[PDB]
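K.L.:
here goes the first bit of my complex:
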Amino acid sequence: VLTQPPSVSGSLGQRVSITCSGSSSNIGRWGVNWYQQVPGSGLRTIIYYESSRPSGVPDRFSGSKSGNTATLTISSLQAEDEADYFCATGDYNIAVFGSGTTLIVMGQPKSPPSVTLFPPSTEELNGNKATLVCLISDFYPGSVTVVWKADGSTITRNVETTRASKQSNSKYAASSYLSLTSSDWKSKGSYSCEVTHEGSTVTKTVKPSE
């Protein structure tokens, strides 16, 4: 396996580069290719051999090789470059890949988390089960913490929360669920989804009266 830095950071417009370290039997012997992978999507080849660009790949992307290390450079970082990057070549009898680098775009301003907390439905309670859905949208950075309350008391019973995601606006999103029974939702008077974000709580609450 070729070694790549786990992450590289830069702000918009900066020059950033990503290295790929191997040996004389791979990077030292063969050309080196690079693949771009946007989170959730597939793969795209952006550089091959030395610094060749497939059609459609802008000239901001370039590559070079020095000894047993290959370097992928973005001369001016843009927002659509936030993705993972993998180097690729061959060894004696196998294909080898780099361990991958997440390219992080830093220097962004903060945004408040939009929380539309929803109660379950009449079909769910007729099948005696309650699914509280706490959706969180548009915040930077992505390190929010959600604490559920039942009339003002901590809850860790049946709490699953997707970690910080990334849609398409250079921000982060997350969803949290409360998979409790029918009586458990009808018992208490009010449940709340308390979301923390850099020292800011945006609590929402619907009570079973409606």
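P.N.:
Structure's in. What do you need? Numbers count the residues shown, from 1 in each chain, chains lettered A, B, ... in the order given.
K.L.:
so residue A:4 sits against residue A:22, correct?
P.N.:
No: counting by Cβ atoms under 8 Å, residue A:4 stays clear of residue A:22, with 10.2 Å between them. (C-beta placed from N, C-alpha, C; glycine too.)
K.L.:
walk me through the domains of chain A.
P.N.:
With curated CATH domains serving as the domain definition, the record reports that chain A contains domains spanning A:1-107, A:108-208.
K.L.:
check what contacts stretch A:45-55 and list those residues.
P.N.:
Contact partners of stretch A:45-55, identified using Cβ atoms under 8 Å, 6 or more residues apart in numbering, comprise A:31-36, A:57, A:59, A:61-65, A:72, A:85.
K.L.:
who's in contact with residue A:209?
P.N.:
Residues in contact with residue A:209, defined by Cβ under 8 Å, 6+ apart, are absent; none qualify.
K.L.:
make sure I have this right: it is in a strand.
P.N.:
No: assessed with DSSP: H, G, I helix; E, B strand; the rest coil, residue A:209 is coil; it does not lie in a strand.
K.L.:
hang on, the earlier thing: just the ones of the contacts of stretch A:45-55 in strands?
P.N.:
In strands, defined here by DSSP state E, the members of the contacts of stretch A:45-55 are A:33, A:34, A:35, A:36, A:61, A:62, A:63, A:64, A:65, A:72, A:85.
K.L.:
ok, the residues you listed vs residue A:168, which is closest?
P.N.:
Proximity to residue A:168 was ranked across the ones in strands among the contacts of stretch A:45-55 by Cβ to Cβ; first place goes to residue A:36, at 15.8 Å.
K.L.:
dig out what the closest one forms beta bridges with.
P.N.:
Counting by DSSP bridges, residue A:36 forms beta bridges with residue A:44, residue A:85.
K.L.:
could you give the number of residues near it?
P.N.:
Counted with other Cβ atoms under 10 Å, residues neighbouring residue A:36 total 21.
K.L.:
gap between it and residue A:141?
P.N.:
Shown here: residue A:36 relative to residue A:141, a distance of 22 Å by Cβ to Cβ, to the nearest Å.
K.L.:
which of the contacts of stretch A:45-55 tops the neighbour count?
P.N.:
That'd be residue A:72 among the contacts of stretch A:45-55, by other Cβ under 10 Å, with 28 neighbours.
K.L.:
that one and residue A:63 touch, don't they?
P.N.:
Yes: in this structure, residue A:72 sits in contact with residue A:63. The criterion is Cβ under 8 Å, and the distance is 5.3 Å.
K.L.:
find residues that contact each of those two.
P.N.:
Residues touching both residue A:72 and residue A:63 (Cβ under 8 Å, 6+ apart) are A:34, A:47.
K.L.:
leaving out the residues flanking it, which one is nearest to residue A:177?
P.N.:
Spatial nearest neighbour of residue A:177, excluding adjacent residues (Cβ to Cβ, 6 or more residues apart in numbering): residue A:160 at 5.5 Å.
K.L.:
ok, now chain B:
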Amino acid sequence: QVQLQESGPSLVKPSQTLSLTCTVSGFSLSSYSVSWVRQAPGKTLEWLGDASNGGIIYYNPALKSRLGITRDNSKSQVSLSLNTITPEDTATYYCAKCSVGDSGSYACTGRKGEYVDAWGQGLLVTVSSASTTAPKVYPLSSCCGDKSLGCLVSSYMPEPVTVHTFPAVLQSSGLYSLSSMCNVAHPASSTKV
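P.N.:
Same chains as before, plus chain B:
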């Protein structure tokens, strides 16, 4: 244009055989090599094997005892079978079109002009004993008084599902659930809503 489509069961039980087919179009397998690679969740890429335009099959020696790859130019298909699977074989499986009939190295690398010029979309195959479950979907509204819609595709298996949609969560029930900011589509369950 050029297109590569991965097909096969996306949920296989451990110890069974995982089989996939890549059907290609827009180009002839007599002209270009085709590679299979996979990416386990949150991990890097792993090479499975290559199938050159001359019928030569190159394997990852770490997987050769379980791996078989076949190439049918007449049907424009390159297939893979992987037996004796375990959850370590859960991955997104990609086929890929090489720019040449046979590259100097493996997985379409090596010499000048040799690169993957078209990637498949990938097919996530989950290795698990769970049963294929079509999701129970409901609407999500907040009609409880305010001074001011989402979907509830819950309890399905396996991933993925297609619909601001959120990534799914793995509840303790062993099933997946997600929501969106309604048309949901679970290809493994064959159901549409």
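K.L.:
re-run the earlier check on the contacts of residue A:209 with chain B in the model.
P.N.:
Residues touching residue A:209, when contacts are defined by Cβ atoms under 8 Å, 6 or more residues apart in numbering or on different chains, comprise residue B:144.
K.L.:
over to residue A:198?
P.N.:
With contacts taken as Cβ under 8 Å, 6+ apart, residue A:198 has the following neighbours: residue A:110.
K.L.:
likewise for the one 3 residues further on?
P.N.:
With contact taken as Cβ under 8 Å, 6+ apart, residue A:201 is in contact with A:194, A:195.
K.L.:
for chain B, what is the nearest residue in chain A?
P.N.:
Per Cβ to the nearest Cβ, the residue of chain A with the smallest distance to chain B is residue A:90, at 2.7 Å.
K.L.:
okay, and the beta partners of that residue?
P.N.:
Here residue A:90 sits in beta bridges with residue A:95, as judged by DSSP bridges.
K.L.:
that one and residue A:26 touch, don't they?
P.N.:
Yes: using Cβ under 8 Å, residue A:90 makes contact with residue A:26 at a distance of 6.4 Å.
K.L.:
residue nearest the middle of chain B, spatially speaking?
P.N.:
A centroid search over chain B (Cα atoms, centre = their mean) returns residue B:123, at 1.1 Å, as the residue closest to the centre.
K.L.:
quick check: chain neighbours aside, which residue is closest to it?
P.N.:
Of all residues beyond its chain neighbours, the one nearest residue B:123 is residue B:6 (3.9 Å), with distances taken as Cβ to Cβ, 6 or more residues apart in numbering or on different chains.
K.L.:
so residue A:125, which of the three states?
P.N.:
Secondary structure of residue A:125, reduced to three states by three-state DSSP: helix.
K.L.:
let me know the outermost residue of chain B.
P.N.:
No residue in chain B sits farther from the centre than residue B:147, which is 45.5 Å out by Cα atoms, centre = their mean.
K.L.:
where do the domain boundaries of chain B fall?
P.N.:
In the recorded assignment (curated CATH domains), chain B comprises B:1-129, B:130-193.
K.L.:
can you put the ones you listed in TSV and add distance to residue A:151?
P.N.:
As requested, these are exported to TSV (distance: least, Cβ to Cβ, whole Å):
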stretch	distance to residue A:151
domain B:1-129	38
domain B:130-193	16
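K.L.:
which one of those domains lies closest to residue A:187?
P.N.:
When the domains of chain B are compared for distance to residue A:187 using Cβ to Cβ, the nearest one is domain B:130-193, at 17.7 Å.
K.L.:
spell out whether that closest one and chain A are in contact.
P.N.:
Yes: contact of domain B:130-193 with chain A is found when judged by Cβ under 8 Å from any Cβ of the partner chain, involving B:138-145, B:150, B:152, B:154, B:164, B:166-173, B:177-179, B:181.
K.L.:
if we can go back for a sec, so the residue nearest to residue B:123 touches residue B:95, yeah?
P.N.:
Yes: in this structure, residue B:6 sits in contact with residue B:95. The criterion is Cβ under 8 Å, and the distance is 5.8 Å.
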